[PDB]
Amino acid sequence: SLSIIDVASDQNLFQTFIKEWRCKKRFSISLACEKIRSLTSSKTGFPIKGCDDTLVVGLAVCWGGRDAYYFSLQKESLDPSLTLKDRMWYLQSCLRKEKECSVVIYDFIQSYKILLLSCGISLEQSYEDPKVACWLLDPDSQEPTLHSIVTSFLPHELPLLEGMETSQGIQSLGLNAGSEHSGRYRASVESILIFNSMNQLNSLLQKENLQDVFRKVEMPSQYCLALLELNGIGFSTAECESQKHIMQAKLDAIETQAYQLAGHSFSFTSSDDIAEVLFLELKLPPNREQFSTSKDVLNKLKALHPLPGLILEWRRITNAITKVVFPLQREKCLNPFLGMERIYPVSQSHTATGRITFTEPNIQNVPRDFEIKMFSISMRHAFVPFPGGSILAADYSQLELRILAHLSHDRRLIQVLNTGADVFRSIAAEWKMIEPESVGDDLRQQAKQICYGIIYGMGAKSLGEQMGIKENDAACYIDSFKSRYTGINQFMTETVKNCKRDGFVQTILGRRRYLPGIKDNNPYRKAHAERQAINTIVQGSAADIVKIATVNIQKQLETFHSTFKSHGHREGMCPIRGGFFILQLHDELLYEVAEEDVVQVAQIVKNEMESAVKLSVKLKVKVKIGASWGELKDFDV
């Protein structure tokens, strides 16, 4: 059945364990975490950052069968000759290469950060996370749990999870300290399960030709994101508090001016109070198909009364305060080693198309610079580098357009993209009948939504509502698009044809997203899967290229510079040196770079992004350096 071998209990048992561990090219580990329920428990270990009530008491190692070698990280040991420092030397020796070696870890990112921050050990091997392999086999599946992995890929070992309800809680069984069971038993069971399950997962990856995407792209991306979560992103409380005051002052002016237009005071959060003022008092025309106060209704009423425009601006500013300012100042944390405050978002790579997003908080959703008549409110000014550094931004110009041109072989789109004329400003120039140089960011952003909207199947009705024209007139723009770019339309038709035949779509690297609704009887559900088939290939291939570029940049930074890998590595152990990954923005990479290395990192980042993948269209990359996320300026190198 099961066998748990406490290797720190005997010297001869420990030396035999180290001698065998140093010969294994593949094994699994699972950290044993327990919570300090009482001071009388007399449990020793390493404290965890954030969860100070939780200790790392040990570690389980498994390299075959149902045998778990528990590595006790407690001060007390049955063999006092094996001091904790001796065990740390041997644990560090076996977790760092000299020599290919693969370590299977469930929730690799958290385990990597805990091993570094709590135990002072930096992993230096090849990493395999089973939850990432489960995502490659089906990007639309539910986020994996230890119980779900065993239920699907190792059903014979299901009784080993009885009693421990935490197996179905996404988080690692050994890392979930909220369990009442010992970390020794939870880690020993998990190491045996994730090791044998990864063998079946690796077999399924090889059958689906995804074993190289797993080792070269996805798992190295997790390592890059692990350094990101260790770095965090700088945060200026003063700048965030300053713009909060400017926004709260504009709200008071709007509320004062709105009440005067209404004749009385009303609640901006109450739609009934808003509907009574506009429709029952101001006698504004209700919508066709309805006392609705949505964004679509208020935009049609802006031209009849100034109050709808004031309500729309109140909601925009209030959203920037209640859902951005408050979470950022709530999640901020002091970093004594850098002498500044930072925010540490958690990455999320279990997405439908392969994009990367962030949680707690979602830095990607920080609002752009929007004008306020009092000026511009730039929430991104609050994100600053460390004293003596600059924030570096490098983004692909139009990555999804250039991938679409490379896949559709459209000679006209390739010709337009090879020319330095902005497509969005050219669309707005034809739209509003203005010169391209006179197109503002608000109009260019509106033309951007129209461009990608039409490409991914937006209908004539929605296009008319976007372009502010009749539905009959909007269908002519779609007809012109399907005639002006016959290569794109041939790509859209063949993709739906191939997805109806295969039942899935493939990105540029081979990742499959299964879309069973492609043959559904419902006309809305069937067309939704058709639009998903077009978008998953383009948007998914863009995510693949960015992940490739991120991995290559990090490989180059760790060779050009012998400094610390992340800000967490400086804490686990000199002025700051190099560039530090802080944020990924789908088609844009943000790095915190010291002022001395700004020029070299900009050249390293730009070269790796342009040479990540070879397409039939040039991958144009722009680099911008500034004193904050909102003060970025063009940097030509």
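So that there is no doubt, residue numbering starts at 1 and follows the sequence shown.
Going from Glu98 to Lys99, the model skips 1 to 3 deposited residues, which lack coordinates.
According to the PDB entry, the deposited sequence runs on from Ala421 to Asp422 with no residue lacking coordinates between them. Per the PDB record, of the two stretches 430-438 and 527-535, 430-438 carries the greater mean B-factor over its C-alpha atoms. Checked against the record, the higher mean CA B factor of 84-92 and 460-468 lies with 460-468. The PDB entry assigns its highest CA temperature factor, among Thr166, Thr495, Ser541, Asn362, to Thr166. Per the deposited record, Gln290 carries the highest C-alpha B-factor of all listed residues (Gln290, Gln348, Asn209, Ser221). Among all modelled residues in its chain, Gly572 ranks in the highest third by Cα B-factor. Remark: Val599 belongs to the middle third of its chain, ranked by C-alpha B-factor as recorded.
Among the modelled residues of the chain, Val57 sits in the middle third by CA temperature factor in this PDB entry. Annotation for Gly50: C-alpha temperature factor in the highest third relative to the rest of the modelled chain, per the entry. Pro159: CA B factor in the highest third of modelled residues in this chain (values from the PDB entry).
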